[PDB]
Every structure is written in C-alpha cells, then in structure tokens.
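Single-structure report; data block below.
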Ligand SMILES: NC(=O)[C@H]1CCCN(C(=O)[C@@H]2CCNc3[nH]ncc32)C1
Ligand SMILES: [Zn+2]
C-alpha cells in the first residue's frame, strides 16, 4: 500500500483504489495502473520533473529503503494477475530489487522529488509506475 499527496490530489495504484477514490475520481489509466482522486486536505509532496535513472524506493516487505538504477518509462509486458489480464503496462520503469504484492504504493524518489510508485514485482525485479510526465499534478 501507499500513495502520493500533492496539492488537492491523491495518486494511488489503480488496482488498490478504494470506493472513496472512485467517488472522487479525477483521472485513471488502466494501462499505467494509476488513479488520481481529489482530496479536501492539501498535500505537500514534491513531484520530480527530470530524467533521473537513479533513486531510492521504500520496500514495505523489508521495512527498508533501497538505492536503485531504473530504466526509462516504457511499455513492458506484465503477467496476468487477479486485477488485469496479461498486457503491456505503459510508463513503467524496472530496476533489480525486491518487490512482493503488498509492496505496491511504495514511493521511488530522486534528488528532485517523487518519481513514481511501486506497481510490479517478481523474478528479482521491481517496476515503478512513473508520475513525472503528469505536469497537471502541480496546477
Ligand atoms: N501493475 C500490475 O499489473 C500489478 C498488479 C498486481 C500484481 N502484480 C505484480 O506484479 C505484483 C505486485 C507486487 N510485486 C509482485 N511480486 N510478485 C508479484 C507482484 C502486477
Ligand atoms: Zn530526478
């Protein structure tokens, strides 16, 4: 679990969105595994606006942060799960690292701010849904 709170928005993995998230829906994209809902309380996370390929992510299944090198956002094949059929997930970045189901939502950060959130795992890889292209999150 985990979310990004920036301005009047809450960013979460679409497969983990709640009833309240869907009742206050702003934007969702099944191909990216992202959903943004509106909030009443103001958020203070900073979104990175960059092309960094190194950062640190929080891994809840180890209660640790790990430094990683990660790929640029791209369409990557993701195995079928109970939430989606087998498909290409877009705007996904992979790194070598630990990620098990409950790790989704863990933030990936570089020196400039929030880069994205954990969205996939398995086979010793961790995939992060990028949020750096969502320029409207700040306006
Ligand atoms: N974005 C998606 O389609 C994800 C939907 C939930 C299931 N997915 C996974 O990869 C999980 C997530 C955490 N890591 C992990 N390690 N082994 C399996 C898994 C795919
Ligand atoms: Zn950066």
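In my numbering, the protein residues as written are 278 to 416. No residue lacks a Cβ here, since even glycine has one placed at the ideal position from N, Cα and C.
With contacts defined as CB atoms closer than 8 Å, residue 297 and residue 315 fail to qualify as a contacting pair. Secondary structure note for residue 304: its beta strand (DSSP E) is the uninterrupted segment 302-306. Of 310, 334 and 285, the smallest CA-CA separation from residue 387 is found for 334. Between the alpha carbons of residue 339 and residue 346 lies a gap of roughly 19 Å. Around residue 313, the same chain offers 286, 288, 303 and 304 as residues with beta carbons nearer than 6 Å, after the five sequence neighbours per side are excluded. Judged by their CB atoms, residue 393 and residue 279 are not nearer to each other than the 8 Å cut-off. Sequence-distant partners of residue 323 (beyond 5 residues in either direction) whose C-beta falls short of 7 Å from its own C-beta, in its chain, are 390 and 391. In this structure, residue 309 lies near residue 406, with their beta-carbon atoms less than 8 Å apart. With respect to the C-alpha of residue 355, the residue from 318, 403 and 320 having the closest C-alpha is 403. Closest by C-alpha distance to residue 414, out of 351, 321, 294 and 380, is 321. 352 is the residue among 352, 299 and 399 whose C-alpha sits nearest the C-alpha of residue 368. Residue 332 counts as buried, since no fewer than 16 other beta carbons sit within 10 angstroms of its beta carbon. In this structure, DSSP gives residue 296 a helical state, which the three-state scheme calls helix.
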